[PDB]
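Asker: One structure is given below, represented as structure tokens, and several questions about it will come after.
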Amino acid sequence: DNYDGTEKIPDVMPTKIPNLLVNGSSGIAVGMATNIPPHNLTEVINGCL
DNA sequence: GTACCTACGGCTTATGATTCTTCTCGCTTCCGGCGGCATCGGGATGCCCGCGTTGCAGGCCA
């Protein structure tokens, strides 16, 4: 549900590509932080296979 | 239409403070350095013969 309980939001997306490993992100929490380099799609598919 | 502040977190870059390490001085005293004498073990020479050295040829090695 949305902020006022009037709409619906999908929890996760039915994706086919691991965008976390392909592009990544760089965010910082209140006490934590993360940083992930991008990668190549073909080698990720090869590793998954 | 046209810019100006910090919060949340991680790696660097610039500068001062601190302790570790090393450079340098301190005169003195004790360990050593040095001159002299009696001494005690040593070198060279006399001599001989037997072992060390060497010439020649044979078989073996790199």
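As shown in the structure tokens, the chain order sets the letters A, B, ...; within each chain, residues go from 1, and ligands are also counted from 1 in the order they appear.
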Given only C-alpha atoms (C1' of nucleotides), how would the per-residue table for chain B near chain A read, listing every residue at most 9 Å away with its closest atom pair and distance in Å to one decimal, sorted by chain and number, as a Markdown table?
Answerer:
```
| residue | atom | partner | partner_atom | distance |
| --- | --- | --- | --- | --- |
| B:8 | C1' | A:30 | CA | 5.4 |
| B:9 | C1' | A:28 | CA | 5.6 |
| B:10 | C1' | A:33 | CA | 8.1 |
```
Asker: Could those residues be written to a file, using N, CA, C and O atoms (P, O5', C5', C4', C3', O3' and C1' of nucleotides), as an mmCIF file, in the first residue's frame?
Answerer:
```cif
data_model
loop_
_atom_site.group_PDB
_atom_site.id
_atom_site.type_symbol
_atom_site.label_atom_id
_atom_site.label_comp_id
_atom_site.auth_asym_id
_atom_site.auth_seq_id
_atom_site.Cartn_x
_atom_site.Cartn_y
_atom_site.Cartn_z
ATOM 1 P P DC B 8 24.888 13.596 10.998
ATOM 2 O "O5'" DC B 8 25.074 12.273 10.121
ATOM 3 C "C5'" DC B 8 23.998 11.356 9.991
ATOM 4 C "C4'" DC B 8 24.199 10.451 8.791
ATOM 5 C "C3'" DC B 8 25.633 10.047 8.522
ATOM 6 O "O3'" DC B 8 26.001 8.954 9.348
ATOM 7 C "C1'" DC B 8 24.497 10.588 6.486
ATOM 8 P P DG B 9 27.516 8.811 9.866
ATOM 9 O "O5'" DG B 9 28.273 8.094 8.652
ATOM 10 C "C5'" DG B 9 27.917 6.767 8.270
ATOM 11 C "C4'" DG B 9 28.764 6.289 7.101
ATOM 12 C "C3'" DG B 9 30.274 6.376 7.315
ATOM 13 O "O3'" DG B 9 30.921 5.281 6.673
ATOM 14 C "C1'" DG B 9 29.676 7.697 5.462
ATOM 15 P P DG B 10 32.370 4.794 7.170
ATOM 16 O "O5'" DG B 10 33.302 4.955 5.880
ATOM 17 C "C5'" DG B 10 33.363 3.914 4.905
ATOM 18 C "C4'" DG B 10 34.352 4.252 3.795
ATOM 19 C "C3'" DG B 10 35.788 4.489 4.244
ATOM 20 O "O3'" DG B 10 36.684 4.120 3.202
ATOM 21 C "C1'" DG B 10 34.904 6.495 3.365
#
```
Asker: Go through chain A and collect every residue that DSSP, computed from the backbone, puts in helix (DSSP H, G or I); the answer should be as a list in words.
Answerer: residues 19, 20, 21, 22, 41, 42, 43, 44, 45, 46, 47 and 48 of chain A
Asker: Mind checking which residues fall within 10 Å of segment 13-19 of chain A, counting only C-alpha atoms (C1' of nucleotides), ignoring those fewer than 3 positions away in the same chain, and posting them as a ChimeraX atom specification?
Answerer: /A:10,22-25,38-39,41,44-45
Asker: Atom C1' of residue 11 of chain B and atom CA of residue 26 of chain A, how far apart in Å?
Answerer: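 One can read the atom CA of residue 26 of chain A to atom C1' of residue 11 of chain B distance as 14.7 Å.
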